[PDB]
Structures are given as structure tokens and as C-alpha cells.
Amino acid sequence: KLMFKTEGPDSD
Amino acid sequence: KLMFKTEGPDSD
Amino acid sequence: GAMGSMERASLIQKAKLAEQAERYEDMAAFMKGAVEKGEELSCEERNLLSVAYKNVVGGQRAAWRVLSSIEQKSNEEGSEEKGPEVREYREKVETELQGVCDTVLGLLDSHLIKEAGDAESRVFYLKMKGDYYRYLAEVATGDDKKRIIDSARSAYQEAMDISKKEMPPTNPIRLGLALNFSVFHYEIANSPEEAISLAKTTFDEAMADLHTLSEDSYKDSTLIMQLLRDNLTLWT
Amino acid sequence: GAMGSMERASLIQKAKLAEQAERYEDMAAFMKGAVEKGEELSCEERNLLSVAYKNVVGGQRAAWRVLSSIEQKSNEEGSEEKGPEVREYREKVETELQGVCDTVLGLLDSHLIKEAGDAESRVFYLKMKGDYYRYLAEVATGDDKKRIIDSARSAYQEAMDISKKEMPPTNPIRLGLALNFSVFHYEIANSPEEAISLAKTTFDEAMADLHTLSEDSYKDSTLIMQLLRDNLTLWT
Ligand SMILES: CNc1ccc(OC(C)C)c2sc(C(=N)N)cc12
Ligand SMILES: CNc1ccc(OC(C)C)c2sc(C(=N)N)cc12
Ligand SMILES: [Cl-]
Ligand SMILES: [Cl-]
Ligand SMILES: [Mg+2]
Ligand SMILES: [Mg+2]
Ligand SMILES: [Mg+2]
Ligand SMILES: [Mg+2]
Ligand SMILES: [Mg+2]
Ligand SMILES: [Mg+2]
């Protein structure tokens, strides 16, 4: 659903 | 290079 | 084939799900499986088939152009030798693109086109045949380039003849066919004047038929008319 | 393996080309082939490995969430029965995601982590191990969910311990590790307070070390610090 910031490409 | 408009999804 | 054991209706449902998931390779595989059931395709099903493979081949064309540009740069005067890798990988992508085009052409030939008698199905499939020969033409360089080009022209021309006799000038399939055949003329057949003439005549004859349409058909037609206009603006 | 006959340097070159072509599945296959040459990876090569598989698994996670949401809707009260298809296709995507996670974990275990002695390589690989167990945790529902979760926690914790002893608080690898471990806490381990505390402490201790950095290192650190801030803003 709401996705939080994680490292590197936000490819999802 | 410069791509002209063709029908349907411009998926390229 | 891998989808032979799945119901036709389940393949269509999963193709729709894959579209929502932006899983176009899956979408294409499901629709290939649906086609291989041997039954004709509805209007919705034809568009799912086209959308699936357009998205797959679209990513391949975009990758191929990136790699082709790198390859061309590496062959310029003063460019440092980098080995066979760029050419090898461009060839790999190219071969995968050609395989997708051959797969689609194979479905059209076995046996979608021969069973399609209504204008809306026959024009749709012949347009697609012209499109996938055009994508082959974009990467062709050898002794069959001319025959690939003529195969695209031939398919487009048969579709145009049927569309002009059987469909109104605002019909979105007819409009999209003329759009794509005009791009064929411009950048594959090196006939920019034919491309401009086709796009102008197509746009003007649609404009004069818009008064016959409902609000929703009007929207569908003017959307493709704007694509014709966009190209004319770049070309003139 | 399919890449066994290609030179290590050629695999790395082709992974870079595939990145430019946005061909991430190819990029991942090339980097797997490079890893399987048995030599340790440089800093650049580790980042190519991570970028490749992050992009592949990213598309799978996004597809899985779309399908999982559709599946959940179809199981609500008053929802019309649609058959097994949604579950089947969600399971198909899920299984492909788990296969990618198993492949990456397999490379880390055979034998990237055991040969990595410098902090910058060992923390990087242990972070990745935590990340790919976390992606498995996101789709886990059975009797191994707890052990998958604990495998992610264990890997993250070992990486944190090394990063705190061996790296400055602004080190981008250390910062990205803490970012991801905080997200783990928030949404996998159901420990939002730990997540907020880790993100705050990480941000503040980086802020106080920025004065030691060059202009370019400053940019690298503050980029990841902003991600910590973005999450804190959503969480508090
Ligand atoms: C030109 N585009 C489409 C025309 C008609 C369609 O179906 C009607 C008959 C219900 C569909 S369905 C679809 C998709 N992308 N799933 C795309 C089109
Ligand atoms: C965190 N991201 C990266 C850090 C360091 C890198 O290499 C330096 C050592 C030359 C690279 S290279 C790359 C890519 N996406 N090709 C990404 C990164
Ligand atoms: Cl290759
Ligand atoms: Cl399935
Ligand atoms: Mg049946
Ligand atoms: Mg070739
Ligand atoms: Mg002239
Ligand atoms: Mg060698
Ligand atoms: Mg499962
Ligand atoms: Mg509290």
C-alpha cells in the first residue's frame, strides 16, 4: 500500500 | 531517435 | 504450449490481471494461449492481444535504439576500441525483438487473419501484421530488408483498402491504421510526401464526419486525430 | 550457468549497457554470471549487482501488491465469486519473487559474504541479505514467517554492529542500512517506536558529522538523510 522510503531505486 | 506518434501504448 | 492446460476464459481473466499489474510479458503469454485455443477473438480480446505485445516489443525497441546508438558512437572516427560486447548485446536484444515479431506474425497467420471476415477484425489484424513487419524493418540491414518492407506495405495497403470501403472515416481502427501507415511511409519507405498527404487527407475526412458521432465516439476519434496532427506538426 | 563461457570483464561491460537500456533482468543475469566467476566484487560492481536485482524484485513486489489487493477485495463480504484465477496468478508472481530472493541470497551465501572482510563490502552484503529476507517476509504467511523475519533482523543487526564500529555516521552505506532496518522495524517487525528511534538517532548523528565532509560527500550523505526525514514525517 503506502510504501516507505528505502535505499536505492524505488522500482516498485 | 525522434519517434513519431503511432497507435496505442507508447511503450518504447 | 505452456497454456494448453488453462481454460480460455481463465487466460483472458489473467491477461486482464497482468495488465493491471503491468506484467506485459505475462499478459502476452496469456493472450497467445487464448489465441491458440483456435476460437476467434472478440473486440476486447483483440485489444488485449495488441496492448500486450505492443508493450513487450516497445521495451525491446527502446532498448535496441539505446544500444544501436552506443554501437554507432563506438564506430566513429577517434572512438576507442571496446571489443565485441556492444555489438553482441545489441544482437541479443535484436534477436529477442525479432522473435516476438515472429511470434505475433505467426498468430496472425495461424490462423487469426484467415478466419477474420468482419471489417473491424480483418483491418485490425492486417494493421498489426503491417506493424510487426515494420518493427522488423526498423532493425533490418541485410538482403531481406526490402522484402520485409514490402511485406509491411502489402499488409497496410490491404487493410487500407478494406477500411476505406467498409468503415466510416472517423472509425478509430481506420484512423490508427492510417496513422501507422503514414509513419511507415515517413521513416521506413522514405516517402515523407506520401506520409504527409495520407495524414492530412485522413485528418480532414475525419473532421468532416465528426458531426455524425455521439459524445463518446467523438472523444475516441479526436484522440487519434490529435496524433495525426502531432506528426504533421513535426513534419511540416 | 549460462554465463560461464563469457569473460568477467565482458559481463560487467554488458551489465552497464543493460542498465543504460533499462534491461534489468539482463543486467541481473550478467551480474550473477560475474559473481559466479568466484572473484570478489569492487565497490562499483557491488552497486551494479544491487541496482540490477533491486529493479527486478521491485517490479515483482509492485505486481504482487496489485494482485494481493485484488485478491483481498474478492474475498470481502458481498464480493462475487470469480474462481481460483486471482489467487493462482498472485501465487505465480509470488513464486517468481521468491525465486529471485533465493537467487540473491544464494549468491551472498556462496560465497560473497564469507570472503568480504572490509567494512564497506561486508556491511553492503549483510544489508542486502536483510533486504532480500525482508522481501520474502512481505509475502510470507505460513509457519516459516517468523524465521524469515528473524533472518532479516539477524542480518541487519550484524551489519549495524559493524557499521557502528567501523564507519563514520555519515557513511552512505551505514545510512542506507539504517534507513532500511528502520523500515523493517516499522512494517515487518511491528515495532514503530524502534523504527522512529533508529531513524531519528541516525539522522542526528549524521547531521553532527557533516562538517567533516567534502562538498561531494556532503551531497551523498544528505540525500539519504532526506529519506530518513521523509519517513519520520510520515511516522510522526
Ligand atoms: C483501442 N483500445 C480498446 C478498445 C476497445 C476495448 O474493449 C471494449 C470493446 C470493451 C478495449 S479493452 C482495452 C485494454 N487495454 N484492456 C483496450 C481497448
Ligand atoms: C550507491 N550507488 C553507487 C555508488 C558507487 C558506484 O560506483 C562508484 C564506486 C564509481 C556506483 S555505479 C552505480 C550504477 N548504478 N551503475 C551506482 C553506484
Ligand atoms: Cl550478449
Ligand atoms: Cl497463473
Ligand atoms: Mg475449455
Ligand atoms: Mg541480427
Ligand atoms: Mg513537397
Ligand atoms: Mg577470464
Ligand atoms: Mg505462495
Ligand atoms: Mg510512543
Side-chain angles (χ1 to χ4, degrees), chain A residues 2-9 11-12, chain C residues 17 20-21 23 26, chain D residues 28 50 53-71 74-75 84-110 112-113 123-142 144-161 176-199 231 234-235:
Chain A
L2 181 59
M3 300 304 292
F4 304 110
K5 305 306 189 79
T6 52
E7 181 273 326
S11 52
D12 71 326
Chain C
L17 291 169
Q20 293 175 259
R23 294 266 296 190
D26 288 348
Chain D
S50 180
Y53 279 106
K54 186 72 189 347
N55 272 282
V56 167
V57 87
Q60 303 175 317
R61 296 164 74 206
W64 185 93
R65 289 192 304 270
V66 167
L67 298 171
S68 187
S69 173
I70 294 170
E71 191 183 11
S74 78
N75 293 325
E85 288 87 352
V86 170
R87 171 187 55 78
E88 285 171 352
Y89 186 47
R90 187 267 299 154
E91 287 173 339
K92 173 155 114 159
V93 171
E94 181 174 302
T95 296
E96 191 192 282
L97 187 157
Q98 291 165 329
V100 167
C101 291
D102 290 345
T103 293
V104 170
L105 292 169
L107 298 169
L108 296 166
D109 205 51
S110 301
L112 286 174
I113 287 165
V123 176
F124 184 100
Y125 290 137
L126 285 167
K127 178 189 161 293
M128 281 189 75
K129 179 177 192 166
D131 289 342
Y132 282 83
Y133 276 115
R134 173 161 58 89
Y135 307 147
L136 291 176
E138 283 177 346
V139 308
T141 61
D144 269 346
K145 190 185 185 181
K146 284 183 174 165
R147 272 181 279 270
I148 293 168
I149 292 173
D150 199 57
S151 286
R153 180 207 55 77
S154 182
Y156 280 136
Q157 187 65 59
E158 177 176 353
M160 288 285 312
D161 296 349
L177 166 63
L179 179 72
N180 288 11
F181 195 19
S182 73
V183 168
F184 170 85
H185 287 307
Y186 195 91
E187 47 177 23
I188 309 297
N190 277 241
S191 306
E193 290 177 327
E194 185 72 15
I196 292 165
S197 185
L198 175 57
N231 284 346
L234 298 170
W235 294 346

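Here is how names work: the chains are called A, B, and so on, in the same order as the sequence lines, proteins then strands, and each is numbered from 1.
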Quick one: list whatever passes salt bridge (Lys or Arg N to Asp or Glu O under 4.0 Å) with [X], sequence neighbours left out.
X	value
D/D109	none
D/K127	A/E7, D/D131
D/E194	none

Hey, does the side chain of [X] reach the backbone of [Y] with a donor-acceptor pair shorter than 3.5 angstrom?
X	Y	value
D/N231	A/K5	yes
D/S69	D/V66	no
D/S74	D/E71	yes

Parallel, tilted or perpendicular: rings of D/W235 and D/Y186 (30°, 60°):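 Plane angle under 30°, so parallel.
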
Over all atoms of both residues, closest heavy-atom pair of D/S182 and D/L198: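 Smallest interatomic distance, heavy atoms only, reads N-CD2, 3.8 Å.
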
Minimum heavy-atom distance between D/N190 and D/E187, given as atom pair plus value: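 Residues D/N190 and D/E187, closest heavy atoms: ND2-O, 4.0 Å.
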
Side chain to side chain contact (heavy atoms under 4.5 Å, CB included) partners for [X], two or more places apart:
X	result
D/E91	D/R87
D/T103	D/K32, D/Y53
D/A189	D/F184, D/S191

State, with a plain yes or no, whether a side-chain heavy atom of D/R65 is found less than 4.5 Å away from one of A/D12.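 D/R65 reaches A/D12 side chain to side chain.
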
So do the side chains of D/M128 and D/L112 get within less than 4.5 Å of each other, counting heavy atoms only?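 No, their side chains stay 4.5 Å or more apart.
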
Quick one: do the D/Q98 and D/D102 side chains pair a donor with an acceptor below 3.5 Å?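 No donor-acceptor contact under 3.5 Å links the two side chains.
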
